[PDB]
């Protein structure tokens, strides 16, 4: 097994922070980070605490929304110290922190979300996590940990939602141009909520909204990724 590590690409004028998904890793952002690199952007992809190991309990017991927020904030600061302009985007979980960054952190030009409606709703993250864990056990040749997982999973998902509702209540604070990309066949989160995110951004300079018709949740990696990369780069170039 290869532990995915955080990674960084050097740029000149503009840098981008990319924040990964729950149960994800910097691997979530390989295609995106490279697309940005080809267009001359600096890129930074941190690893959230408890992620990127062969042991799914690490996510539940070594990470939490508060730690991941601190890590997101540090990542932004790392990039704003170096580049004239900084954009911040996040996939699903990462999107929550991306939006909080726009709301509360200084020195950010623009940013937004990939399949991250922010507003909590019906989701399939419980089956998602369990399927992920099962696959991780399969690679590790380790016995099933579902019972141990279920002691923590509902609590951690509640904690994520709790963090998210504060971000949602603060959406009025966003002044920056905001990008919203959403999977149209999203099996993990309620895509409909992305419209409510759009409508809540009442003070954003602009809202650039994209719907990826046939795409599953992970639009940074699946069939939608070329389109998403184009749309994100177009967004950034518009706000240069």
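Numbering follows the first chain given and starts at 1. Only the largest set of C-alpha atoms that superpose within 1.5 Å between the two forms is called the rigid core.
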After core superposition, the stretch with larger RMS C-alpha deviation in 4 other deposited structures of this protein, comparing 110 to 118 and 123 to 131, is 110 to 118
Of 158 to 166 and 142 to 150, the one with larger mean CA B-factor: 142 to 150
Mean Cα B-factor comparison, 89 to 97 or 127 to 135, giving the higher one as deposited: 127 to 135
Pull the Cα B-factor of residue 120 out of the PDB entry and bin it into the chain's lowest, middle or highest third. highest
Lowest, middle or highest third: where is residue 235 by C-alpha B factor in its chain? middle
Within this chain, which third does the Cα B-factor at residue 198 fall in: lowest, middle or highest? middle
Relative C-alpha B-factor of residue 175, binned into the chain's lowest, middle or highest third: middle
Third of the chain, ranked by Cα B-factor, where residue 34 sits: lowest
